[PDB]
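The structure appears right after this line, and notes come after that.
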DNA sequence: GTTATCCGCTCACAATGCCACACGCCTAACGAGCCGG
DNA sequence: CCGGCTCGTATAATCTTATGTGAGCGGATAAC
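Chains as they are written, first to last, in the numbering used here: chain A, -16 to 155; chain B, 145 to 194.
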């Protein structure tokens, strides 16, 4: 069986969001469906100021098996510039440590643990609730059973201990 | 004399040779060369005498 | 053989000066703006 | 109540009647 592998495809400046979907409809249409491997395009999120940046500007990663029918299938897609390989008539497939590194760089969006419920003592954090709202202080101990942080807020250059919650403090 | 000059021998090889003349580097494929030679002359879309 | 020449193919580079006149010199889609439903 | 519309603007693409030069380079070409 042929190993479906990754290739890099040139496109225009900002049209590549539609190119992958239109390629999926060409694959559905022309009945070359038992050969391809769920193509994608890498994006990520950066922190109205926040945005969703495309990871590679103007390049598409495509699963192929590379017969000439696949060549003329991809080149018969209305916004596709030519393949990017080591030579014309034979594009070079991308290496294996690079595909492991590019699938690994999309595995950092996994949170919860540890949002607020696992917290260490002895860390200077902030408090946003109660009369101590937006003030810095050093926590003394973390009571996981009683759910009461004993935070000494540094007010007037002096530590003031108070029992607070995890949602009533800001982890800084 | 010309038929003893040329390197190209038969029909699919002739379509390959024309298809390599028009665009260099593209993969010589049977159906793509056939469609190119059809679209050069024998179709209403891109060859219209009045 | 192998070596020193001869020849055909392909390609960069030039083609007066001046005047008036006149009309031309982007936009389908990626980051913001308003607030209606 | 975020962007559906609407806008500010930054930026990517499938000829075809010429002549005369020189100058160089690849392919044939005639010898010890």
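Note that beta-carbon positions come from the ideal geometry of N, C-alpha and C, so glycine has one too.
How is residue i classed by DSSP in three states: helix, strand or coil?
i                      : result
residue 165 of chain B : helix
residue 175 of chain B : helix
residue 152 of chain A : strand
residue 93 of chain A  : coil
residue 60 of chain A  : coil
residue 80 of chain A  : helix
residue 159 of chain B : helix
residue 184 of chain B : helix
residue 115 of chain A : helix
Residues of chain B with CB under 8 Å from residue i, in chain order?
i                     : result
residue 79 of chain A : Within chain B, no residue comes near residue 79 of chain A; the closest Cβ sits about 26 Å away, beyond 8 Å.
Give the interface partners of residue i over in chain A, defined as CB-CB distance under 9 Å, in chain order.
i                      : result
residue 177 of chain B : Result: empty, since nearest Cβ-Cβ is about 11 Å, beyond 9 Å.
Could you check where the beta strand (DSSP E) with residue i kicks off and where it finishes?
i                      : result
residue 34 of chain A  : 34 to 37
residue 126 of chain A : 118 to 126
residue 109 of chain A : 107 to 110
residue 170 of chain B : Note, residue 170 of chain B: premise wrong, no beta strand (DSSP E); not H, not E.
residue 29 of chain A  : 26 to 29
Based on DSSP bridge pairs, tell me the residues matched to residue i.
i                      : result
residue 144 of chain A : A/135
residue -11 of chain A : A/46
residue 70 of chain A  : A/73
residue 86 of chain A  : Per DSSP, none; premise fails for residue 86 of chain A.
residue 23 of chain A  : A/44
Whose Cβ in chain A lies nearer than 8 Å to the Cβ of residue i?
i                      : result
residue 171 of chain B : 51, 54, 55 and 72
Which stretch, first to last residue, makes up the alpha helix (DSSP H) that contains residue i?
i                      : result
residue 12 of chain A  : -1 to 12
residue 53 of chain A  : 51 to 57
residue 147 of chain B : 146 to 149
Three CB pairs or more closer than 8 Å across the stretch -9 to 6 of chain A and the stretch 26 to 36 of chain A: no
Given 8 Å, three or more beta-carbon pairs between the stretch 143 to 154 of chain A and the stretch 106 to 126 of chain A: yes
Cβ contact check for the stretch 134 to 150 of chain A and the stretch 151 to 158 of chain B: 3 or more pairs under 8 Å: no
Stretch-stretch touch, CB-based, cutoff 8 Å, three pairs: the stretch -15 to -4 of chain A with the stretch 57 to 65 of chain A: yes
At least three beta-carbon pairs within less than 8 Å, the stretch 119 to 126 of chain A to the stretch 75 to 87 of chain A: No, because fewer than three Cβ pairs between the stretch 119 to 126 of chain A and the stretch 75 to 87 of chain A fall closer than 8 Å, the two stretches do not touch.
Given 8 Å, three or more beta-carbon pairs between the stretch 168 to 188 of chain B and the stretch 130 to 139 of chain A: no
At least 3 beta-carbon pairs within less than 8 Å: the stretch 154 to 163 of chain B vs the stretch 172 to 192 of chain B: yes
Three-pair Cβ contact test at 8 Å for the stretch 67 to 76 of chain A versus the stretch 92 to 101 of chain A: Taking one beta carbon from each stretch, the stretch 67 to 76 of chain A and the stretch 92 to 101 of chain A have fewer than 3 pairs nearer than 8 Å; the two do not touch.
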